[PDB]
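> Attaching a single structure in structure tokens format; questions to follow.
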Amino acid sequence: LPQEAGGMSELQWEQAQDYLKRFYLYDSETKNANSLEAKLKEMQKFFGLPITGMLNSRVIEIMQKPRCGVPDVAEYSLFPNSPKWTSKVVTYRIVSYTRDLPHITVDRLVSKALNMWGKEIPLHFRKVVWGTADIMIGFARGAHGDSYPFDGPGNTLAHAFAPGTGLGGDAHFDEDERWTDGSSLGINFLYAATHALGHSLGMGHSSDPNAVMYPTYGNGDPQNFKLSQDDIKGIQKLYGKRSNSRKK
Ligand SMILES: CCCCCCCCCCCCCC(=O)OC[C@H](COP(=O)(O)OCC[N+](C)(C)C)OC(=O)CCCCCCCCCCCCC
Ligand SMILES: CCCCCCCCCCCCCC(=O)OC[C@H](COP(=O)(O)OCC[N+](C)(C)C)OC(=O)CCCCCCCCCCCCC
Ligand SMILES: CCCCCCCCCCCCCC(=O)OC[C@H](COP(=O)(O)OCC[N+](C)(C)C)OC(=O)CCCCCCCCCCCCC
Ligand SMILES: CCCCCCCCCCCCCC(=O)OC[C@H](COP(=O)(O)OCC[N+](C)(C)C)OC(=O)CCCCCCCCCCCCC
Ligand SMILES: CCCCCCCCCCCCCC(=O)OC[C@H](COP(=O)(O)OCC[N+](C)(C)C)OC(=O)CCCCCCCCCCCCC
Ligand SMILES: CCCCCCCCCCCCCC(=O)OC[C@H](COP(=O)(O)OCC[N+](C)(C)C)OC(=O)CCCCCCCCCCCCC
Ligand SMILES: CCCCCCCCCCCCCC(=O)OC[C@H](COP(=O)(O)OCC[N+](C)(C)C)OC(=O)CCCCCCCCCCCCC
Ligand SMILES: CCCCCCCCCCCCCC(=O)OC[C@H](COP(=O)(O)OCC[N+](C)(C)C)OC(=O)CCCCCCCCCCCCC
Ligand SMILES: CCCCCCCCCCCCCC(=O)OC[C@H](COP(=O)(O)OCC[N+](C)(C)C)OC(=O)CCCCCCCCCCCCC
Ligand SMILES: CCCCCCCCCCCCCC(=O)OC[C@H](COP(=O)(O)OCC[N+](C)(C)C)OC(=O)CCCCCCCCCCCCC
Ligand SMILES: CCCCCCCCCCCCCC(=O)OC[C@H](COP(=O)(O)OCC[N+](C)(C)C)OC(=O)CCCCCCCCCCCCC
Ligand SMILES: CCCCCCCCCCCCCC(=O)OC[C@H](COP(=O)(O)OCC[N+](C)(C)C)OC(=O)CCCCCCCCCCCCC
Ligand SMILES: CCCCCCCCCCCCCC(=O)OC[C@H](COP(=O)(O)OCC[N+](C)(C)C)OC(=O)CCCCCCCCCCCCC
Ligand SMILES: CC(C)CCC[C@H](C)[C@H]1CC[C@H]2[C@@H]3CC=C4C[C@@H](OS(=O)(=O)O)CC[C@]4(C)[C@H]3CC[C@]12C
Ligand SMILES: [Ca+2]
Ligand SMILES: [Ca+2]
Ligand SMILES: [Zn+2]
Ligand SMILES: [Zn+2]
């Protein structure tokens with residue numbers, strides 16, 4: 001429903017358990033209807049929303065669309081938490097692709113996305129064609145041993161882990177999903193590469209509709225496609241002092 005929040009049934013109250021369950025890789029708090037009722041104010045913060053304890057934005061509608069695969073906040077066993085790389089130079093290589101598109105597209109799409117971010121951080125991404133790279137972008141089905149399937153085409157569309165020496169900074173995208181650049185038959189990879197690989201920098205969802213990673217996005221695609229003041233500010237929080245500077 002255009003307003004889903006008060007047409008919210010059984011279905012949507014499970015998609016919330018679903019959606020949160022899939023990021024944490026199980027969370028003990030997200031199971032149980034009462035405990036979940038509290039957790040739902042936390043999930044709002046992962047949609048960027050400054051109101052926590054109200055549904056009013058598209059949030060419960062939009063969540064049923066394939067729009068986040070990578071966790072927005074990172075909880076991962078076996079490691080100390082830190083969304084940062086340790087070097088001044090990082091590397092990239094597309095190690096498997098969606099075979100609906102030819103490799104030459106999927107290769108270079110990520111090269112745009114990492115260069116968009118690239119400019120404003122103390123970090124350089126160089127491309128390598130010898131072996132493994134720092135960031136491995138791969139395409140897979142959800143049968144390959146990790147927690148929970150990607151579905152097929154539709155609901156949920158990737159997984160990725162925060163920057164670590166080997167295992168981290170890397171992504172697996174859904175290959176049964178349909179992706180695109182300009183040809184429109186898919187989800188646009190130019191945004192989805194940028195949003196995936198930006199959680200690697202530590203970033204969140206915005207509440208400003210001008211910002212690259214606004215989830216409740218409506219009709220009007222960015223034609224040049226650029227970072228805004230809020231998106232530049234999202235990097236300044238990482239390599240400066242932390243401050244929220246959104247206002248009303
Ligand atoms: C030019 C006149 C002088 C000629 C002799 C110079 C000799 C240099 C000898 C040492 C060469 C290797 C140096 C190297 O690996 O530097 C690494 C840095 C990155 O260090 P990085 O990991 O960012 O900082 C370390 C911090 N840590 C441990 C916390 C992660 O930086 C790099 O990773 C970026 C540089 C990569 C170089 C790759 C090879 C380019 C050869 C190009 C030539 C092809 C034919 C023209
Ligand atoms: C020495 C540095 C440059 C090497 C370039 C030539 C390499 C030719 C093959 C040499 C022996 C390579 C052995 C090898 O591992 O090949 C596989 C790589 C892919 O590594 P990766 O994509 O990680 O493989 C993933 C899949 N896996 C894990 C199941 C193996 O795939 C390859 O590396 C094949 C790449 C073919 C296309 C290379 C295009 C180069 C630029 C052409 C410029 C065109 C400009 C218009
Ligand atoms: C040097 C002057 C050249 C002048 C070129 C002038 C413009 C020519 C355009 C030719 C376009 C070929 C169309 C083609 O079938 O591409 C097939 C694909 C490339 O995928 P692509 O079409 O980029 O995207 C398709 C995405 N999809 C499935 C979601 C619709 O790729 C393949 O399936 C693999 C590669 C096939 C190579 C085709 C090129 C030779 C075709 C004629 C072979 C004649 C042999 C006698
Ligand atoms: C002074 C002399 C100058 C002479 C002219 C330059 C000659 C060398 C050109 C090097 C390639 C430059 C053209 C090129 O990048 O084509 C890429 C396209 C699509 O890339 P895409 O990003 O979609 O288009 C890029 C440009 N853009 C965004 C501004 C529209 O690619 C395609 O759409 C191809 C789709 C079908 C085939 C897919 C698989 C191809 C495999 C490789 C076949 C063998 C090539 C040796
Ligand atoms: C003699 C040479 C003659 C050539 C004639 C043409 C000369 C150039 C004319 C203009 C060409 C395009 C200029 C350019 O910067 O294109 C960048 C593109 C697309 O950027 P895109 O994000 O679409 O637009 C960028 C601007 N933004 C963020 C504000 C929207 O981004 C790319 O297309 C990505 C490129 C990936 C390159 C893949 C190979 C990378 C290097 C690998 C090296 C390995 C070690 C050797
Ligand atoms: C077989 C393979 C052989 C490979 C040979 C490779 C030769 C490589 C030469 C590389 C020379 C690079 C020079 C340079 O400083 O480039 C970058 C800057 C802009 O960097 P910027 O985008 O600010 O990123 C800065 C650093 N960051 C990420 C850590 C914040 O650049 C600028 O500030 C000035 C830019 C002037 C135009 C640059 C070219 C743009 C069109 C690219 C066309 C490619 C046609 C083939
Ligand atoms: C043999 C090398 C001798 C000279 C070596 C000089 C030092 C080179 C490293 C300079 C370090 C400081 C500047 C810096 O970080 O610039 C980085 C930028 C952006 O990195 P980033 O913003 O991380 O964008 C990553 C994507 N990438 C690598 C595909 C451009 O990179 C760019 O903006 C690239 C701009 C285009 C340069 C034109 C390269 C043309 C290659 C044509 C290859 C045709 C091969 C047949
Ligand atoms: C004036 C025009 C100026 C044009 C400047 C264009 C930029 C030139 C950049 C050269 C360096 C780029 C390095 C690079 O990142 O290549 C990107 C891709 C593949 O990267 P790579 O990671 O090897 O791809 C993964 C492995 N793969 C292909 C098996 C799936 O590369 C490809 O996917 C390969 C593209 C088709 C190249 C085919 C050439 C066949 C030569 C055939 C004759 C061989 C000798 C008999
Ligand atoms: C003046 C004194 C110096 C003389 C010149 C020295 C130039 C050396 C440039 C070396 C470029 C390649 C560097 C490289 O290490 O690539 C390694 C990868 C896999 O190595 P791997 O052992 O998997 O990882 C090595 C690095 N490690 C242990 C730190 C993780 O390797 C691969 O993935 C590809 C292996 C096949 C490479 C084929 C290279 C020649 C291509 C020949 C034509 C193609 C034939 C099909
Ligand atoms: C006929 C043609 C065959 C192919 C010719 C290629 C000739 C190339 C000359 C220019 C080489 C340019 C490629 C280059 O940058 O090689 C540097 C590589 C690593 O580059 P880098 O960008 O660090 O790769 C990083 C990859 N990562 C993130 C997984 C660690 O460095 C390495 O990883 C380590 C060095 C490995 C090779 C050392 C070779 C020693 C030869 C000793 C001979 C002794 C005879 C007794
Ligand atoms: C004798 C008559 C000669 C007539 C000359 C015509 C010259 C046209 C120059 C235009 C330069 C515009 C700047 C540029 O880099 O434009 C690239 C565009 C779009 O980049 P971009 O919007 O990222 O493409 C995304 C994918 N798309 C279009 C499917 C949505 O790329 C595209 O949308 C596709 C590229 C179309 C190129 C048409 C020219 C083909 C080369 C003709 C060479 C004639 C030599 C005599
Ligand atoms: C010899 C030296 C070579 C210098 C080459 C420099 C090349 C610079 C290219 C940099 C990248 C350009 C990308 C570009 O197309 O931006 C478009 C913008 C905004 O377009 P937008 O409204 O975002 O739609 C953009 C997508 N498009 C192009 C596919 C429809 O378009 C604008 O906002 C409007 C532009 C209005 C220009 C009216 C005239 C300004 C003065 C021109 C003076 C030229 C005298 C020769
Ligand atoms: C009678 C028959 C007529 C024939 C008609 C043939 C078709 C003519 C139209 C061809 C299509 C033109 C499309 C066009 O507006 O492309 C503009 C592009 C990028 O615009 P942009 O706003 O960046 O689009 C962003 C990418 N998008 C749409 C995918 C989100 O612009 C570019 O990417 C800029 C390319 C040049 C970049 C220059 C960068 C280096 C400048 C320094 C150069 C020094 C040279 C010495
Ligand atoms: C001279 C004539 C007799 C032969 C002409 C050969 C042309 C150049 C074409 C036709 C058939 C083409 C291949 C088809 C098969 C593919 C798969 C394709 O994979 S994708 O997943 O990148 O689309 C990569 C290119 C490649 C190897 C093509 C290269 C280019 C290819 C050899
Ligand atoms: Ca899916
Ligand atoms: Ca890694
Ligand atoms: Zn997200
Ligand atoms: Zn995986």
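Each chain of the structure tokens is named A, B, ... in the order shown, its residues numbered from 1; ligands are numbered from 1 in display order.
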Within 8 Å of ligand 14, which residues show up when you count only C-alpha atoms and all ligand atoms? List them as a VMD selection string, please.
chain A and resid 99 to 104
> Would you list the contacts of residue 58 (chain A) as a list in words, taking every protein, DNA or RNA residue within 8 Å and counting only C-alpha atoms, but skipping same-chain residues closer than 2 positions in sequence?
residues 2, 3, 4, 5, 56, 60, 61, 62 and 216 of chain A
> Give me the residues near residue 98 (chain A) as a PyMOL selection string, where near means some atom within 10 Å (using only C-alpha atoms) and where sequence neighbours in that chain fewer than 5 positions away do not count.
chain A and resi 103+105-106+138-140+173-180
> Can those selected residues be exported to a file as a PDB file, in the first residue's frame so that it contains C-alpha atoms?

ATOM      1  CA  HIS A 103      32.054  -9.265 -18.123  1.00  0.00           C
ATOM      2  CA  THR A 105      30.340  -4.097 -18.168  1.00  0.00           C
ATOM      3  CA  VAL A 106      30.470  -5.611 -14.650  1.00  0.00           C
ATOM      4  CA  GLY A 138      31.938 -11.926  -6.851  1.00  0.00           C
ATOM      5  CA  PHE A 139      28.489 -13.087  -8.076  1.00  0.00           C
ATOM      6  CA  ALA A 140      26.918 -16.262  -6.602  1.00  0.00           C
ATOM      7  CA  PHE A 173      26.152 -10.335  -5.125  1.00  0.00           C
ATOM      8  CA  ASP A 174      23.078 -12.416  -6.139  1.00  0.00           C
ATOM      9  CA  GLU A 175      23.655 -13.825  -9.651  1.00  0.00           C
ATOM     10  CA  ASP A 176      20.025 -14.991 -10.069  1.00  0.00           C
ATOM     11  CA  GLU A 177      19.082 -11.335  -9.580  1.00  0.00           C
ATOM     12  CA  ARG A 178      18.964  -9.231 -12.741  1.00  0.00           C
ATOM     13  CA  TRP A 179      21.266  -6.190 -12.786  1.00  0.00           C
ATOM     14  CA  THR A 180      21.814  -3.328 -15.282  1.00  0.00           C
TER      15      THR A 180
END
> According to DSSP computed on the backbone, where in region 36-235 of chain A is there strand (DSSP E or B)? Give the residues as a tab-separated table (two decimals) with N, CA, C and O atoms, in the first residue's frame.

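Ended up saving to selection.tsv:
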chain	number	residue	atom	x	y	z
A	89	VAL	N	46.75	2.29	0.04
A	89	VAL	CA	46.39	1.71	-1.24
A	89	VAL	C	45.67	0.38	-1.03
A	89	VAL	O	46.12	-0.52	-0.33
A	90	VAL	N	44.52	0.28	-1.71
A	90	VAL	CA	43.62	-0.85	-1.81
A	90	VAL	C	43.51	-1.26	-3.27
A	90	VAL	O	43.79	-0.43	-4.14
A	91	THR	N	43.10	-2.51	-3.51
A	91	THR	CA	42.97	-3.18	-4.79
A	91	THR	C	41.63	-3.85	-5.05
A	91	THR	O	41.11	-4.40	-4.08
A	92	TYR	N	41.18	-3.95	-6.30
A	92	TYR	CA	39.93	-4.52	-6.78
A	92	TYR	C	40.03	-5.37	-8.03
A	92	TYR	O	40.92	-5.17	-8.85
A	93	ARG	N	39.14	-6.36	-8.17
A	93	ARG	CA	39.11	-7.35	-9.22
A	93	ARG	C	37.72	-7.99	-9.22
A	93	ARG	O	37.32	-8.38	-8.13
A	94	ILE	N	37.05	-8.08	-10.37
A	94	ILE	CA	35.74	-8.71	-10.40
A	94	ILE	C	35.97	-10.18	-10.69
A	94	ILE	O	36.25	-10.54	-11.83
A	124	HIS	N	43.38	5.12	-2.21
A	124	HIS	CA	43.45	4.88	-3.63
A	124	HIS	C	43.14	3.40	-3.85
A	124	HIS	O	43.81	2.51	-3.34
A	125	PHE	N	42.24	3.17	-4.81
A	125	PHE	CA	41.90	1.87	-5.36
A	125	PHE	C	42.56	1.71	-6.72
A	125	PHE	O	42.27	2.48	-7.62
A	126	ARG	N	43.51	0.77	-6.80
A	126	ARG	CA	44.09	0.39	-8.07
A	126	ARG	C	43.54	-0.96	-8.52
A	126	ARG	O	43.16	-1.79	-7.70
A	127	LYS	N	43.38	-1.20	-9.83
A	127	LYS	CA	42.95	-2.47	-10.36
A	127	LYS	C	44.12	-3.40	-10.65
A	127	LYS	O	45.11	-2.95	-11.23
A	135	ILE	N	39.72	-6.17	-2.26
A	135	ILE	CA	38.30	-6.34	-2.47
A	135	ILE	C	38.11	-7.29	-3.64
A	135	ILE	O	38.44	-7.05	-4.80
A	136	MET	N	37.48	-8.42	-3.33
A	136	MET	CA	36.89	-9.35	-4.28
A	136	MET	C	35.40	-9.08	-4.40
A	136	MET	O	34.70	-9.17	-3.39
A	137	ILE	N	34.91	-8.74	-5.60
A	137	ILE	CA	33.51	-8.60	-5.94
A	137	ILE	C	33.35	-9.90	-6.71
A	137	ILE	O	34.14	-10.23	-7.59
A	138	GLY	N	32.37	-10.68	-6.25
A	138	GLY	CA	31.94	-11.93	-6.85
A	138	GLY	C	30.43	-11.95	-7.00
A	138	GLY	O	29.77	-11.27	-6.21
A	139	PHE	N	29.90	-12.80	-7.89
A	139	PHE	CA	28.49	-13.09	-8.08
A	139	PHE	C	28.28	-14.57	-7.79
A	139	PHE	O	28.94	-15.46	-8.31
A	140	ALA	N	27.21	-14.92	-7.07
A	140	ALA	CA	26.92	-16.26	-6.60
A	140	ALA	C	25.40	-16.36	-6.48
A	140	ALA	O	24.68	-15.38	-6.29
A	158	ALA	N	22.58	-9.57	-1.99
A	158	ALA	CA	24.00	-9.69	-1.74
A	158	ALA	C	24.27	-10.02	-0.28
A	158	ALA	O	23.33	-10.13	0.50
A	159	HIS	N	25.55	-10.15	0.07
A	159	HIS	CA	26.20	-10.20	1.37
A	159	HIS	C	27.61	-9.64	1.19
A	159	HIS	O	28.20	-9.88	0.14
A	160	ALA	N	28.12	-9.04	2.26
A	160	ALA	CA	29.48	-8.52	2.34
A	160	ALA	C	29.82	-8.28	3.80
A	160	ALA	O	28.96	-8.08	4.66
A	171	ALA	N	32.64	-8.72	-1.33
A	171	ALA	CA	31.20	-8.82	-1.48
A	171	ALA	C	30.84	-10.03	-2.32
A	171	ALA	O	31.59	-10.23	-3.27
A	172	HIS	N	29.70	-10.70	-2.17
A	172	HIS	CA	29.02	-11.69	-2.99
A	172	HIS	C	27.68	-11.07	-3.32
A	172	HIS	O	26.99	-10.76	-2.35
A	173	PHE	N	27.39	-10.89	-4.62
A	173	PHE	CA	26.15	-10.34	-5.12
A	173	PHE	C	25.30	-11.50	-5.61
A	173	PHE	O	25.85	-12.53	-5.98
A	174	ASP	N	23.97	-11.37	-5.68
A	174	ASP	CA	23.08	-12.42	-6.14
A	174	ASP	C	23.16	-12.52	-7.66
A	174	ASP	O	22.90	-11.53	-8.33
A	179	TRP	N	20.54	-7.44	-12.90
A	179	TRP	CA	21.27	-6.19	-12.79
A	179	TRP	C	21.34	-5.47	-14.13
A	179	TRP	O	20.97	-6.02	-15.16
A	180	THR	N	21.71	-4.19	-14.12
A	180	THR	CA	21.81	-3.33	-15.28
A	180	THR	C	22.67	-2.12	-14.92
A	180	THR	O	22.92	-1.69	-13.80
A	187	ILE	N	18.10	-4.08	-11.62
A	187	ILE	CA	18.50	-3.13	-10.60
A	187	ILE	C	19.78	-2.51	-11.12
A	187	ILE	O	20.67	-3.24	-11.55
A	188	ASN	N	19.88	-1.18	-11.00
A	188	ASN	CA	21.05	-0.44	-11.43
A	188	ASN	C	22.22	-0.67	-10.48
A	188	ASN	O	22.21	-0.32	-9.30
> So what do you get for CA of residue 20 (chain A) versus CA of residue 208 (chain A), distance-wise?
23.3 Å
> All residues within 10 Å of ligand 5 are required, counting only C-alpha atoms and all ligand atoms; please report them as JSON, numbers by chain.
{"A": [104, 105, 107, 108, 109, 110, 111, 112, 113, 114, 115, 116, 117, 119, 126, 127, 128, 129, 130, 190, 222, 223, 224, 225, 226, 227]}
> How many Å separate atom 10 (C, counted along the ligand's line) of ligand 6 from CA of residue 201 (chain A)?
24.5 Å
> Considering only C-alpha atoms, state which residue in the set A:155, A:236, A:165, A:87 is at the smallest distance from residue 68 (chain A).
A:155
> Within 9 Å of residue 17 (chain A), counting only C-alpha atoms, which residues qualify if same-chain residues fewer than 3 places away don't, as a VMD selection string?
chain A and resid 12 to 14 20 to 22 30 to 31 36 40
> Measuring atom to atom with only C-alpha atoms and all ligand atoms, identify which of A:209, A:164, A:122, A:182 is nearest to ligand 13.
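Looking at the shortest contact to ligand 13, the residue is A:182.
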> Measuring between only C-alpha atoms, which one of A:152, A:66, A:83, A:145 shows the shortest distance to residue 238 (chain A)?
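Selected residue with least distance to residue 238 (chain A): A:83.
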> Mind pulling up the distance from CA of residue 80 (chain A) to atom 26 (C, counted along the ligand's line) of ligand 9?
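About the pair atom 26 (C, counted along the ligand's line) of ligand 9 and CA of residue 80 (chain A): they are 25.3 Å apart.
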> Which of region 67-202 of chain A counts as helix (DSSP H, G or I) under DSSP, as a short mmCIF file (atom, residue, chain, number, x, y, z; two decimals) with N, CA and C atoms, in the first residue's frame please?

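selection_32.cif written:
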data_model
loop_
_atom_site.label_atom_id
_atom_site.label_comp_id
_atom_site.auth_asym_id
_atom_site.auth_seq_id
_atom_site.Cartn_x
_atom_site.Cartn_y
_atom_site.Cartn_z
N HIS A 103 31.22 -9.62 -19.25
CA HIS A 103 32.05 -9.26 -18.12
C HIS A 103 32.56 -7.83 -18.09
N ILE A 104 32.87 -7.30 -19.28
CA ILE A 104 33.36 -5.98 -19.62
C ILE A 104 32.54 -4.82 -19.07
N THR A 105 31.23 -5.00 -18.87
CA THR A 105 30.34 -4.10 -18.17
C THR A 105 30.50 -4.16 -16.66
N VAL A 106 30.47 -5.37 -16.08
CA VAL A 106 30.47 -5.61 -14.65
C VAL A 106 31.78 -5.19 -14.01
N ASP A 107 32.89 -5.33 -14.75
CA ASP A 107 34.25 -4.94 -14.44
C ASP A 107 34.31 -3.44 -14.15
N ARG A 108 33.86 -2.70 -15.17
CA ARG A 108 34.01 -1.26 -15.18
C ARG A 108 32.99 -0.45 -14.39
N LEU A 109 31.81 -1.02 -14.16
CA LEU A 109 30.78 -0.47 -13.30
C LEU A 109 31.36 -0.27 -11.91
N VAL A 110 32.21 -1.20 -11.46
CA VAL A 110 32.66 -1.08 -10.09
C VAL A 110 33.73 0.00 -10.01
N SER A 111 34.47 0.17 -11.11
CA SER A 111 35.51 1.16 -11.31
C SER A 111 35.03 2.60 -11.24
N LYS A 112 33.80 2.88 -11.66
CA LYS A 112 33.05 4.11 -11.48
C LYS A 112 32.68 4.31 -10.01
N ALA A 113 32.08 3.27 -9.43
CA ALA A 113 31.62 3.30 -8.05
C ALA A 113 32.72 3.54 -7.02
N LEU A 114 33.82 2.78 -7.04
CA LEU A 114 35.00 3.02 -6.25
C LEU A 114 35.78 4.31 -6.51
N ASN A 115 35.67 4.83 -7.73
CA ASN A 115 36.26 6.13 -8.00
C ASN A 115 35.40 7.27 -7.47
N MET A 116 34.07 7.16 -7.42
CA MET A 116 33.16 8.13 -6.83
C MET A 116 33.39 8.45 -5.36
N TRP A 117 33.61 7.37 -4.61
CA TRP A 117 34.02 7.36 -3.22
C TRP A 117 35.47 7.81 -3.09
N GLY A 118 36.32 7.21 -3.92
CA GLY A 118 37.76 7.32 -4.00
C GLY A 118 38.37 8.70 -3.73
N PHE A 189 23.27 -1.20 -11.10
CA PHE A 189 24.47 -1.66 -10.43
C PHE A 189 25.36 -0.50 -9.98
N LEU A 190 25.29 0.64 -10.68
CA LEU A 190 26.01 1.88 -10.45
C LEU A 190 25.74 2.45 -9.07
N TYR A 191 24.49 2.48 -8.60
CA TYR A 191 24.10 2.77 -7.24
C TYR A 191 24.42 1.64 -6.27
N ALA A 192 24.22 0.38 -6.63
CA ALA A 192 24.21 -0.81 -5.80
C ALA A 192 25.64 -1.22 -5.46
N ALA A 193 26.57 -1.09 -6.40
CA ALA A 193 28.01 -1.10 -6.19
C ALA A 193 28.48 -0.02 -5.23
N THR A 194 27.99 1.21 -5.43
CA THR A 194 28.33 2.33 -4.58
C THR A 194 27.78 2.16 -3.17
N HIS A 195 26.54 1.69 -2.99
CA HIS A 195 25.99 1.50 -1.67
C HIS A 195 26.62 0.33 -0.92
N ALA A 196 26.92 -0.79 -1.57
CA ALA A 196 27.58 -1.98 -1.07
C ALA A 196 28.98 -1.64 -0.58
#
> Could you check the closest approach to ligand 7 for each of A:70, A:121, A:51, A:211 and tell me which residue wins, using only C-alpha atoms and all ligand atoms?
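Under the stated criterion, the closest residue is A:121.
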> Where does chain A meet ligand 17 within 9 Å, residue by residue, with the nearest atom pair and distance in Å to one decimal for each, counting only C-alpha atoms and all ligand atoms, listed by chain and rising number, as a tab-separated table?

residue	atom	partner	partner_atom_place_in_ligand_line	distance
A:46	CA	ligand 17	1 (Zn)	7.1
A:47	CA	ligand 17	1 (Zn)	7.5
A:67	CA	ligand 17	1 (Zn)	7.7
A:68	CA	ligand 17	1 (Zn)	5.3
A:69	CA	ligand 17	1 (Zn)	7.5
A:70	CA	ligand 17	1 (Zn)	6.3
A:71	CA	ligand 17	1 (Zn)	6.1
A:72	CA	ligand 17	1 (Zn)	4.3
A:73	CA	ligand 17	1 (Zn)	8.0
A:195	CA	ligand 17	1 (Zn)	6.6
A:196	CA	ligand 17	1 (Zn)	7.2
A:198	CA	ligand 17	1 (Zn)	8.8
A:199	CA	ligand 17	1 (Zn)	7.1
A:203	CA	ligand 17	1 (Zn)	8.3
A:204	CA	ligand 17	1 (Zn)	6.3
A:205	CA	ligand 17	1 (Zn)	6.0
A:213	CA	ligand 17	1 (Zn)	7.6
A:215	CA	ligand 17	1 (Zn)	8.1
> Create the file for the chosen residues now, containing N, CA and C atoms and written as a CSV table (one decimal), in the first residue's frame.

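The resulting file, result-v1.csv, is shown below:
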chain,number,residue,atom,x,y,z
A,46,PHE,N,18.6,2.2,10.8
A,46,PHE,CA,19.2,1.5,9.7
A,46,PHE,C,18.6,2.0,8.4
A,47,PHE,N,17.4,2.6,8.4
A,47,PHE,CA,16.8,3.2,7.3
A,47,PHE,C,17.1,4.7,7.2
A,67,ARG,N,16.8,-4.3,-1.8
A,67,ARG,CA,17.4,-2.9,-1.6
A,67,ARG,C,18.5,-2.9,-0.6
A,68,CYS,N,18.6,-3.8,0.4
A,68,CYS,CA,19.8,-4.1,1.1
A,68,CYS,C,20.1,-5.6,1.2
A,69,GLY,N,21.3,-6.0,0.8
A,69,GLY,CA,21.9,-7.3,1.1
A,69,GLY,C,23.0,-7.1,2.1
A,70,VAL,N,23.9,-6.1,2.0
A,70,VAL,CA,25.0,-5.9,2.9
A,70,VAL,C,24.4,-5.3,4.1
A,71,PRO,N,24.9,-5.7,5.3
A,71,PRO,CA,24.5,-5.1,6.6
A,71,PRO,C,24.9,-3.6,6.6
A,72,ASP,N,24.1,-2.8,7.2
A,72,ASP,CA,24.1,-1.3,7.4
A,72,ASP,C,24.9,-1.0,8.6
A,73,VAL,N,24.7,-1.7,9.7
A,73,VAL,CA,25.6,-1.8,10.8
A,73,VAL,C,26.2,-3.2,10.7
A,195,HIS,N,26.5,1.7,-3.0
A,195,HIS,CA,26.0,1.5,-1.7
A,195,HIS,C,26.6,0.3,-0.9
A,196,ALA,N,26.9,-0.8,-1.6
A,196,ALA,CA,27.6,-2.0,-1.1
A,196,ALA,C,29.0,-1.6,-0.6
A,198,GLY,N,30.3,1.1,0.1
A,198,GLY,CA,30.4,2.3,0.9
A,198,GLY,C,30.2,2.0,2.3
A,199,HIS,N,29.6,0.9,2.7
A,199,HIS,CA,29.4,0.2,4.0
A,199,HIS,C,30.8,-0.3,4.5
A,203,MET,N,29.7,4.0,6.3
A,203,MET,CA,28.6,4.9,6.0
A,203,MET,C,27.2,4.3,6.3
A,204,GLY,N,26.2,5.1,6.4
A,204,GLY,CA,24.8,4.8,6.6
A,204,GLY,C,23.9,5.3,5.5
A,205,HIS,N,22.6,5.0,5.7
A,205,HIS,CA,21.5,5.6,5.0
A,205,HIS,C,21.3,7.1,5.4
A,213,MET,N,22.5,7.4,-1.0
A,213,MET,CA,22.0,6.3,-0.3
A,213,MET,C,20.8,6.7,0.5
A,215,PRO,N,17.0,5.5,1.0
A,215,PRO,CA,16.3,4.2,0.7
A,215,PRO,C,14.9,4.4,0.1
> Using only C-alpha atoms and all ligand atoms, which of A:142, A:163, A:154, A:218 sits nearest ligand 18?
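So, comparing all the options, the nearest one is A:142.
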